[PDB]
Amino acid sequence: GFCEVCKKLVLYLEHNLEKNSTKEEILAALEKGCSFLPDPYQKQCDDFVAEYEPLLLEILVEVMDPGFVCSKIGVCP
Amino acid sequence: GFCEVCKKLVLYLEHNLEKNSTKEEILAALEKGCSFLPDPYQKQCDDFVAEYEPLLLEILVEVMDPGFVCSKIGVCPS
């Protein structure tokens, strides 16, 4: 029943990473996390984000495959 | 290199998913997805979200493990 809408919703969220406002929000959240570290770790954390934010998102989307996610909660085979 | 700050940042993100503001943002994002559907499909989508969104959030929290993420992107050992 819910199998197809679950997969569409996971895909919707993952494609919405292309939206400008979503990109701004993700980068802001990453910068906020780095901001609570002391020097020199804050700067090192900012450098890490600048290099690895794309791969971080790519890996998260990879792991959150719609079929895997939606079968894990039991609405899809 | 970046291994130590990666784990600190992913720990932050893991706990940030548990904030009420973040939980509300994720729920609202899913509900916005449903809003693009015409009737009766929007209601079916809303029903799914109402029943299952906390289980979806749990899966996202589980993925956001510092050791897992930081080794998957290649900055930390396993």
Side-chain angles (χ1 to χ4, degrees), chain A residues 1-17 19 21-22 25-26 28-66 68-76, chain B residues 1-17 19 21-22 25-38 40-66 68-76:
Chain A
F2 287 147
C3 177
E4 293 296 319
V5 72
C6 178
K7 289 188 291 190
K8 289 168 122 297
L9 276 169
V10 173
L11 279 169
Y12 165 78
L13 292 182
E14 291 171 346
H15 295 330
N16 236 228
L17 298 171
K19 199 174 175 288
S21 55
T22 309
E25 293 162 351
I26 290 167
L30 295 170
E31 176 194 350
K32 187 184 169 171
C34 296
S35 80
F36 296 112
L37 308 180
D39 288 340
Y41 298 100
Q42 173 176 16
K43 167 57 167 166
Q44 189 175 9
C45 185
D46 290 335
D47 289 345
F48 165 70
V49 167
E51 290 189 26
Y52 278 95
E53 185 261 1
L55 187 58
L56 281 166
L57 289 180
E58 294 173 314
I59 292 295
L60 292 168
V61 168
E62 182 186 289
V63 175
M64 298 289 288
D65 167 82
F68 164 85
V69 167
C70 294
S71 74
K72 184 143 190 173
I73 65 165
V75 300
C76 286
Chain B
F2 289 129
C3 178
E4 290 309 315
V5 291
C6 180
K7 289 179 295 193
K8 293 169 190 305
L9 179 61
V10 179
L11 179 73
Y12 166 83
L13 296 173
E14 185 181 39
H15 290 251
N16 182 70
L17 289 168
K19 294 179 176 54
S21 60
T22 308
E25 293 165 1
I26 293 169
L27 179 61
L30 283 166
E31 294 169 342
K32 183 173 172 49
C34 296
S35 79
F36 290 94
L37 298 166
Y41 304 108
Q42 178 176 9
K43 184 208 174 284
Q44 173 192 39
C45 186
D46 289 336
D47 289 344
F48 166 75
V49 169
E51 177 168 8
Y52 285 100
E53 190 273 346
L55 291 179
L56 292 171
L57 174 64
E58 175 175 13
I59 293 173
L60 181 57
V61 174
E62 293 180 329
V63 172
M64 204 63 60
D65 169 77
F68 173 74
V69 173
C70 295
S71 64
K72 282 286 281 203
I73 66 172
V75 304
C76 286

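In the text below, chain A, chain B and the rest are named by the order of the sequence lines, each starting its count at 1. Quick note: numbers below take in every heavy atom, side chains included, and nothing from hydrogens, waters or symmetry partners.
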| query | Do you know the tightest heavy-atom contact between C45(B) and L9(A)? | reply | SG-CD1, 3.6 Å

| If you look at every heavy atom in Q44(A) and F2(B), which pair is closest and at what distance? | O-CE2, 3.6 Å

Contact part of [X] toward chain B, heavy-atom cut-off under 4.5 Å: side chain, backbone, both or neither?
| X | value |
| --- | --- |
| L60(A) | side chain |
| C70(A) | neither |
| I73(A) | both |
| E51(A) | side chain |
| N16(A) | neither |
| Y12(A) | side chain |

Side chain, backbone, both or neither of [X] within contact of chain A (heavy atoms, under 4.5 Å):
| X | value |
| --- | --- |
| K8(B) | side chain |
| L30(B) | both |
| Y52(B) | side chain |
| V10(B) | neither |
| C34(B) | both |
| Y41(B) | neither |

| said: Other residues, nucleotides and ligands only: do more than 12 of their heavy atoms fall within 6.0 Å of CD on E31(A)? | reply: no

| Pick from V69(B), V63(B), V49(B): which one has the most heavy-atom pairs with chain A under 4.5 Å? | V63(B)

| field | Min side-chain heavy-atom separation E25(A)-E25(B) under 4.5 Å | value | no

